[PDB]
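Undergrad: Take a look at the following structure, please.
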Amino acid sequence: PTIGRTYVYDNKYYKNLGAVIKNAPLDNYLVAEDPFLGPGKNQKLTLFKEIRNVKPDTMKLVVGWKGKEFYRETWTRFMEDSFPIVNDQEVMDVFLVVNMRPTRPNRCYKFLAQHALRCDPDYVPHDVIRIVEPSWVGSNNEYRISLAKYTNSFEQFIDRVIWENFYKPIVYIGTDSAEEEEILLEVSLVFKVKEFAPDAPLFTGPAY
Amino acid sequence: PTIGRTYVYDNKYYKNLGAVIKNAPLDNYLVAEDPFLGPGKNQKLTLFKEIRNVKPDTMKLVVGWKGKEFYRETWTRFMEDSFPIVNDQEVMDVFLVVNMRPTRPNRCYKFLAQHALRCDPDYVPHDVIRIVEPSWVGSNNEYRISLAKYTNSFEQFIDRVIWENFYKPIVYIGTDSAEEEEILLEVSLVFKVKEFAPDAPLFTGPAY
Amino acid sequence: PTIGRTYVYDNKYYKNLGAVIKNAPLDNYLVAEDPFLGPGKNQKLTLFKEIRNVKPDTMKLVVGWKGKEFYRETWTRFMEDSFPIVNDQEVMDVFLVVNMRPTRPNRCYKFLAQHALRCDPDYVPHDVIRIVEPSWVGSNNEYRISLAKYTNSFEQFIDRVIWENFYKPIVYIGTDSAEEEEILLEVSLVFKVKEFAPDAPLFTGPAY
Amino acid sequence: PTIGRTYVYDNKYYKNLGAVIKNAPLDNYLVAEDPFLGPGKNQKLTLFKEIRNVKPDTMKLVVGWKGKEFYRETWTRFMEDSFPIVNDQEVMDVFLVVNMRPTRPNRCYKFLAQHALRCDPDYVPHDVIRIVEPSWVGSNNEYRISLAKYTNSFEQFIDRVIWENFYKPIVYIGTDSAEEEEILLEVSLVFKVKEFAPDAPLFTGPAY
Amino acid sequence: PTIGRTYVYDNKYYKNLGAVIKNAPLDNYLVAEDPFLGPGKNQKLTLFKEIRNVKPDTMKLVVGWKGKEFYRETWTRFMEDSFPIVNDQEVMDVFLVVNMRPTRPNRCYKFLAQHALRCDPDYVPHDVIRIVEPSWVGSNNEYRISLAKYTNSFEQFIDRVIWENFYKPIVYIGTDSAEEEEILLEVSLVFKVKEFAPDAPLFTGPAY
Amino acid sequence: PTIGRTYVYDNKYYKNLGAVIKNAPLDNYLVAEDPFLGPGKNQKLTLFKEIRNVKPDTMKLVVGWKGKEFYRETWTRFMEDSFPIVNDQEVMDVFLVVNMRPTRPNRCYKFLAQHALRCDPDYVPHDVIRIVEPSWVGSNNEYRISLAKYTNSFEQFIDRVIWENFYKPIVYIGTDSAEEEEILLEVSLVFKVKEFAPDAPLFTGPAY
Amino acid sequence: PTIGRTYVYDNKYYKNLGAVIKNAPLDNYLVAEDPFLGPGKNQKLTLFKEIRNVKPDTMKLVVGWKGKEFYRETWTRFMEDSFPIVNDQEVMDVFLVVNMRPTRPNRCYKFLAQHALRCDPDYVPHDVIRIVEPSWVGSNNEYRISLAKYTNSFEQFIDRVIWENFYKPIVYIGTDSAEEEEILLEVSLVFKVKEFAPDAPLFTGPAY
Amino acid sequence: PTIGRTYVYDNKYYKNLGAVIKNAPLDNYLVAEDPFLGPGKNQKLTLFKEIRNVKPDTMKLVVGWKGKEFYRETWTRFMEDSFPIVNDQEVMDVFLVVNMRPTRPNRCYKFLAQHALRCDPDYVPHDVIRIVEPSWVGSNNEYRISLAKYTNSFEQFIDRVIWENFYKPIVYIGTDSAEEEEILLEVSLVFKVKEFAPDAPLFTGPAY
Amino acid sequence: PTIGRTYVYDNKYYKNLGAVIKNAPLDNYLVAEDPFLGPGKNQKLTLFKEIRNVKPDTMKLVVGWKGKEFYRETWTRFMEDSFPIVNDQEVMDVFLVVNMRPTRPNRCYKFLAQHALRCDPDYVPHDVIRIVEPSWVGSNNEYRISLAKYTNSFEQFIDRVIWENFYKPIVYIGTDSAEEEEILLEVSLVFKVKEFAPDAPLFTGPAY
């Protein structure tokens, strides 16, 4: 008889492998929970779509925003979506998600990716790079990058230097194909939000 | 024939999955060691017990200490237990552990939990919240939160701003039960300590 | 039919366990990629060899460099090896690797290790310590420690306080043997480098 | 190749185990058919509901009817339900069925039961007894007791001493729980009826 | 290692399931022995053959003897077969056996049956009935009904009211066929006899 | 997922085969619980020991009590053992148990048995009989016969004709051995008692 | 693909285990052929039968012949059986075989044995000994002892000191029984004979 | 169903492989019983201990006794241990046993051995030899050599030339190690004794 | 966990079956090592080739040497091959090996063999014999016969009666074929030599 045990490391949740396996020694080892399937709400903010044509053995730049622009877009899209933020909450993490798909059917290849977190706004990335020990994208065709480590306006957001809490990402996408491949990209931010909503109703004013 | 390999990431230890499995490709992947079963000493400082009665679809606040109080309690209990600290040592991590059990027998439900690390002393948490995408507690009925990222007194501890090394936690506990459940909680701090004790005896003075 | 999915956490890459297993629910859990087998280039800078004779239940200090010396050696060896650094690149991580082997054949024991990251240059470690809840080294006989978290000279490297980006390590090695064991150690730094090389040729000057 | 064989013992039907198993020596042995799934019609006459709160290691009396009352209730409910009894039929058996369920969710325990058939109307049972070598109720949470071994009125039913054909039951219910348990009981009579309906139509009068 | 155990209930023999299975916990349960394969002699008294043509969804009456006639036939056939009854014996049970077979080849259907034990001589059964929750006859095509619960003549047999020891049966046979089926029936009585024959020879008179 | 279900037939308890098997369709069939392992208390009243020497193909009479003597012995031993009978109780059944063992080691044979329930006090059984379709005794070497279907004295017991509730047994034991076998027999009565003990303490008089 | 190989050691034949197993590394090992199933003719000379009654923990002497008598019996029986010895032949070995069986049925025990080869004619063995680390006889109930390591008369046989070619055996037989056991013994000599018969016919004289 | 069969060859006992395997055609082959586990008493006479340091690819002489000395030591130790020899007995065989163990822990290698039986007292063996097609010692770390093929004094033992019954052994021990290995040797003689003890008590004199 | 154990019987080496099997109770039994694969050097002295044509059910004589000739050939070939014999050595055994092969392809039959060891030089064997309980030759097509149980010249070899150490063999070969078969035979002697070579170099004279 195996017992389940959990650990939390900076909002990354883990469970003992032996208890995960038994579901139908290994127990002394832990496996991390999928962040999107794990604790906290998922909030997907889709930023844009983009078509890129990638040559074999290369990868193209997906996004080249300046730091100010990255923060403007992030804050604006997040606040536009969220307001009103009614309860105390914690942003556990933010993932830059790159979703990729072929524009043509009957193609079989794997997607490859590489990113850089820092970097700084005072840097212009190459638009096209060579493939060098890339990350292999899984069959869900999504590359998910963790960016981690009360505001009325973007000006306030900057003044409270809250932008120091997360990195400005740049991402490159390519394929293991031996031909040029046209790819449709969808770039999103997925926020992991931990909400602390009181067990209290919403009343029409005046209450009681 | 598989070969075992290990890695250390900020005092989190990992081993190749293939070598963990073989114990009786997968090898290219790593699994983390259970922190309490892994390297370093375990030091459990039990802080208090508390009874909470939790309504379905809610979670109750376990601890609401101010920052100063959290640090007072942590430093006091740790130093009271440890003194004398005879050897060079490193606190690898500190876990806030919440142990939960029903106060009545013949109940079958799972425990649910959520915490927040930061937060700040200038914040009063709700005593009761709604369950929203919680962490599912394993069958060991324990929720373990990592808090990470030479002092004669607490005043010195504060003066050396050593409190900046770890977060002040707040934790909520609930159940997946459809009835109210009375639960007995035990809150502890488990320190992971790496001791560097010389191969040297203790002599009665004067030595030699 | 299972789908593969990937996540990146501060240059640590993860894949869903279910998709790793299927290679010939579990899917909701992630396993980390071996760093040396994962994305980014590997760059091994071998620093020195050392023979140590270790008594049972003890571990001996492998390296006792001052902070300035650790940084001098690291910067010098890295730049000597790398120059010219032709493309934009990011050092994802640096691992202090300790490779160990017996000096005599027909010995069967396991290696044990412990390290400390911080520490500071103003500290002298014990040369010999007792074994206390150590890390168990795998059959590859290597202990790999992550140290993480444009310069013409070492003076510039220090002036830009780039040394604050990674820890000064101290490492101890022992065995689970019941006799003294003579061991040959090889200490290296393995850099994980993410290179952003443009899809552009090298021309003999003048170009075009 | 196995052959199926059947036997009937006082309206209890049996089949050879080997033929029951083969369905996808053992054959020399018989297994009885579930009475409710076996031959004859099922006729459930639900008598009442009752809430009982049972202390650990005890069982409470479900029903304490006098003989006359048991027969009054049985005859009345059966005739009220059945009339008109259009065809020759045989009551094969009558089961006193006790259905039990917790009044609260998230409880896990087993139900326990004990009954007594004879007994007589001139006896008052204890309302609460101790658990002594009880019958363990299955996961269907039902205790089914066989009671076995043309009337216009109850007076005629008594005059023909037809009540001598079946026992007046008293039943106790408890749990293997270590806490008090509130339980909702439903008491029914399930008649097993063997109907001999001629292959003859019902005509509007006058026939032909 | 499992141990075999036996029980007898009113001449029905049982063995523990676990010991029956092991032949190549379950042990706590019993299975009954096939009566014809179990203890006691088998004595088959074949009474008559009969052809019946049965319409779908119906069953036809096999035998409609008056009580006196049933007892006359039973006593006569039994005594005619048995005499002389040389040893003390006990009739354990008597089975009314109905053996059925199609009169035409290449038919595939199952036989269905229903009987009634009491009943009384002052009752005329329907010759044809509808199929209602029947007993399903096994592939041996035999329906076996237990009838249970020193005479020179039938008059004595009646005078000693020995007929009260067993029921007068009426049996119906049908099929699950969707066409009319012609069936040949063979009706027998199988007596289970327990003989107490002394270990004593038969001598030609005078003995010794 | 299978559900457990139970039935009671005249104090014989049954469970669905499918739920008994699953313990690590078949479900539609029932298996009976071992009476000694099933509900109700066990009360073994050992009556006597006896040595019998049995010739091949024969069985010897174990007990030849007259009816009055059987009832005298049963009532006396039961009341002597039981008094005081403090609570309402029901004798569910009484088993005549014959335990047999060889008087010599290194013998390998099976025991065989036959009994007769009725019989009457006005009958003298043969002391030795021939083996004819016997019951095969299991490896527990016990033959268990069910005998079923408030008194200060045996005279009262007889006056209330309570002896009509159970049969006077006669039992024969033999072996399948090809040599004479000396056997030690132990004859007991095992009562199955269903006790209805109130949840009430015993107080020293006067109470309260 | 395995290859069969054979070896002969002083008329003991061996085959590689791997080739014996494969019949449907281990190959480097040999197994000996059963002598009676292996090369050479079998010639069983049955000498006598004897009944012995053996007490638990003891063994009785089977044969106590003087050397001269053993040789007389062996030579006489062998020559009586064999003459004429028509072809060149070699006696490969001679086995003293003791065949044992119970005189009574339904006994279950194992036979035990011990022998002594030398010994000499000038020695009188105990008739009864205690069992001390005996040889366990297999289920064939035979103990086979190898005795190894042109004559017209026994006088010539002795004169050519051919008796020096094989030992005079004494054998004891017992059982692992806890009771006395009567056993029937059959003592034989089994000669293994290798015949060198020419490919030449037998003609009626005169030939050609 | 397989039958067990046994053979004895000069006090070596054999059983059919098929009967040894079945324990949970192959049957035609025999396997020998372990001599120490087989028939006859074991009598271990430990002679001495010795430390030897063996260089790779070599073996060192364990014992270099002259013939007279070997016989003196054997006779003396055997008689000293045995006297009084109360019963007729046969020495079935004598094994020179060499038990070896490392003097240091954490060594992993196999032991290798070679011996010579004849030889003669007029020969001086090399103290150190090279390893040439040695015998590989099993994991029990014991090399067991059979030496086979009434005395008041050693002088009598020699006069009766009983020393001609067994060989004077010389043994060499080495390892498959690639380093020098210090080994502790224990040299013993294990006698296999077949005792013929009468079933007769020991009485205090005078008997009867 | 099984332990390996070894025994030596007159230069025949054995290992426990259980330890041989485990390589990927049985342990109490031993298997012999293949002599050619076991300890000691192999030295094959090929003597001659010979073609024989064998009729069904017969075997032909392979070699008919006189004793003097067998010893002349053996000594001459052995000394011619061996000289100089530089180290102390022991001839463990000598095998007469008969290697057989068909002279024509596409034949499928098994080889059969029989030999005789003693025999004597004063005997002329039949050239052709009938097949009688032969030895079956394995698929390696080799028959290997053990012959067991310092000389400058053959005259000295005879004078020291060293020829008494091993038998003069005669061997017959046939087939299980139903046609005549032409076979090519190769007869060799394989010596098993145990060499005692000192750990001492060979120097050019004068040494040192």
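Chain labels A, B, ... are given in the sequence in which chains occur in the structure tokens; within each chain residues are numbered consecutively from 1, and ligands are likewise numbered from 1 in the order shown.
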Env of residue 124 (chain H): 10 Å cut, atoms = only C-alpha atoms, seq-sep filter 6 positions within chain, self excluded. Answer as an MDAnalysis selection string.

TA: chainID H and resid 64:66

Undergrad: Compile a residue-level contact table for chain H against chain C at a cut-off of 7 Å, reporting for every qualifying residue the shortest atom pair and its distance in Å to one decimal, with only C-alpha atoms counted, rows ordered by chain and ascending number, as JSON lines.

TA:
```
{"residue": "H:104", "atom": "CA", "partner": "C:179", "partner_atom": "CA", "distance": 7.0}
{"residue": "H:105", "atom": "CA", "partner": "C:178", "partner_atom": "CA", "distance": 6.0}
{"residue": "H:106", "atom": "CA", "partner": "C:108", "partner_atom": "CA", "distance": 5.2}
{"residue": "H:107", "atom": "CA", "partner": "C:107", "partner_atom": "CA", "distance": 4.6}
{"residue": "H:108", "atom": "CA", "partner": "C:106", "partner_atom": "CA", "distance": 5.2}
{"residue": "H:109", "atom": "CA", "partner": "C:106", "partner_atom": "CA", "distance": 6.0}
{"residue": "H:177", "atom": "CA", "partner": "C:106", "partner_atom": "CA", "distance": 6.0}
{"residue": "H:178", "atom": "CA", "partner": "C:105", "partner_atom": "CA", "distance": 6.0}
{"residue": "H:179", "atom": "CA", "partner": "C:105", "partner_atom": "CA", "distance": 6.2}
```

Undergrad: Produce a file of the selected residues containing C-alpha atoms, as a tab-separated table (two decimals), in the first residue's frame.

TA:
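Just written: selection.tsv:
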```
chain	number	residue	atom	x	y	z
H	104	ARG	CA	39.70	-5.70	3.72
H	105	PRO	CA	36.11	-4.69	2.96
H	106	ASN	CA	34.76	-3.20	-0.29
H	107	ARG	CA	36.75	-5.51	-2.57
H	108	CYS	CA	35.02	-7.25	-5.47
H	109	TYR	CA	36.77	-10.09	-7.20
H	177	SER	CA	41.84	-9.20	-9.36
H	178	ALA	CA	44.03	-6.67	-11.13
H	179	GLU	CA	45.63	-5.57	-7.79
```

Undergrad: Select from region 125-185 of chain H everything DSSP, run on the backbone, classes as strand (DSSP E), then give the selection as number ranges by chain.

TA: H: 128-130, 135-136, 142-146, 170-175, 181-185

Undergrad: Would you mind listing what lies within 8 Å of residue 18 (chain C) as a PDB file with N, CA and C atoms, in the first residue's frame, with only C-alpha atoms counted and same-chain residues fewer than 5 positions away left out?

TA:
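That gives us part_5.pdb:
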```pdb
ATOM      1  N   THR C   2      -1.461   9.436 -27.177  1.00  0.00           N
ATOM      2  CA  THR C   2      -0.916  10.472 -26.300  1.00  0.00           C
ATOM      3  C   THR C   2      -0.215  11.577 -27.057  1.00  0.00           C
ATOM      4  N   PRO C  25      -3.935  10.520 -14.593  1.00  0.00           N
ATOM      5  CA  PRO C  25      -3.142   9.782 -15.590  1.00  0.00           C
ATOM      6  C   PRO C  25      -1.676  10.198 -15.567  1.00  0.00           C
ATOM      7  N   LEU C  26      -0.768   9.304 -16.021  1.00  0.00           N
ATOM      8  CA  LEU C  26       0.671   9.576 -16.065  1.00  0.00           C
ATOM      9  C   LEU C  26       1.012  10.815 -16.875  1.00  0.00           C
ATOM     10  N   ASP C  27       0.231  11.080 -17.942  1.00  0.00           N
ATOM     11  CA  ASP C  27       0.352  12.222 -18.853  1.00  0.00           C
ATOM     12  C   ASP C  27       0.313  13.589 -18.164  1.00  0.00           C
ATOM     13  N   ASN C  28      -0.486  13.721 -17.082  1.00  0.00           N
ATOM     14  CA  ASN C  28      -0.650  14.950 -16.294  1.00  0.00           C
ATOM     15  C   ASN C  28       0.611  15.360 -15.516  1.00  0.00           C
ATOM     16  N   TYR C  29       1.661  14.529 -15.562  1.00  0.00           N
ATOM     17  CA  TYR C  29       2.899  14.776 -14.832  1.00  0.00           C
ATOM     18  C   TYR C  29       4.098  14.972 -15.727  1.00  0.00           C
TER      19      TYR C  29
END
```

Undergrad: Neighbouring residues of residue 90 (chain H) were defined as those with any atom within 7 Å, considering only C-alpha atoms; residues of the same chain fewer than 2 positions away were excluded. Please report them as a compact mmCIF listing (two decimals) with C-alpha atoms, in the first residue's frame.

TA:
```txt
# COMPACT_ATOMS: atom_id res chain seq x y z
CA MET H 92 33.02 -42.22 2.87
CA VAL H 193 31.12 -40.41 7.93
CA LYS H 194 28.54 -43.15 7.58
CA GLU H 195 27.70 -44.37 11.11
```

Undergrad: Please provide as a PyMOL selection string all residues within 8 Å of residue 197 (chain H), with the sequence filter that same-chain residues fewer than 5 positions apart are discarded (counting only C-alpha atoms).

TA: (chain G and resi 129-130) or (chain H and resi 87-88)

Undergrad: Would you put the residues from that selection into a file with C-alpha atoms, as an mmCIF file, in the first residue's frame?

TA:
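Written out: part14.cif:
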```cif
data_model
loop_
_atom_site.group_PDB
_atom_site.id
_atom_site.type_symbol
_atom_site.label_atom_id
_atom_site.label_comp_id
_atom_site.auth_asym_id
_atom_site.auth_seq_id
_atom_site.Cartn_x
_atom_site.Cartn_y
_atom_site.Cartn_z
ATOM 1 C CA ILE G 129 20.749 -49.559 13.463
ATOM 2 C CA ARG G 130 19.591 -45.993 14.121
ATOM 3 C CA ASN H 87 30.099 -47.583 16.586
ATOM 4 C CA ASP H 88 31.057 -49.284 13.356
#
```

Undergrad: If we count only C-alpha atoms and set the cut-off at 6 Å, which residues sit around region 143-158 of chain E, ignoring sequence neighbours fewer than 2 positions away in its own chain? Please answer as number ranges by chain.

TA: D: 7-9; E: 93-98, 160-162, 165-167

Undergrad: Run DSSP on the backbone and give me the residues of chain C it puts in helix (DSSP H, G or I), as an MDAnalysis selection string.

TA: chainID C and resid 17:21 26:28 67:82 154:159 162:165

Undergrad: In Å, with one decimal, what is the gap from CA of residue 184 (chain A) to CA of residue 35 (chain C)?

TA: 29.7 Å

Undergrad: For CA of residue 50 (chain E) and CA of residue 185 (chain E), determine how far apart the two atoms are, in Å to one decimal place.

TA: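 That distance, rounded to one decimal, is 5.1 Å.
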
Undergrad: Considering only C-alpha atoms, state which residue in the set I:60, I:17, I:4, I:190 is at the smallest distance from residue 77 (chain I).

TA: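 Looking at the shortest contact to residue 77 (chain I), the residue is I:190.
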
Undergrad: Determine, counting only C-alpha atoms, which protein, DNA and RNA residues have an atom within 10 Å of an atom of residue 69 (chain I); residues of the same chain fewer than 6 positions away are not included. Present the result as a PDB file with N, CA and C atoms, in the first residue's frame.

TA:
```pdb
ATOM      1  N   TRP I  75      52.999 -41.907 -25.969  1.00  0.00           N
ATOM      2  CA  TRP I  75      54.208 -41.315 -25.430  1.00  0.00           C
ATOM      3  C   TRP I  75      54.924 -40.491 -26.490  1.00  0.00           C
ATOM      4  N   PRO I 121      46.481 -56.136 -24.245  1.00  0.00           N
ATOM      5  CA  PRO I 121      47.154 -56.286 -25.556  1.00  0.00           C
ATOM      6  C   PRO I 121      46.971 -57.664 -26.209  1.00  0.00           C
ATOM      7  N   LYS I 168      44.077 -48.931 -22.400  1.00  0.00           N
ATOM      8  CA  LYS I 168      44.211 -49.016 -23.856  1.00  0.00           C
ATOM      9  C   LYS I 168      42.803 -49.147 -24.434  1.00  0.00           C
TER      10      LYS I 168
END
```
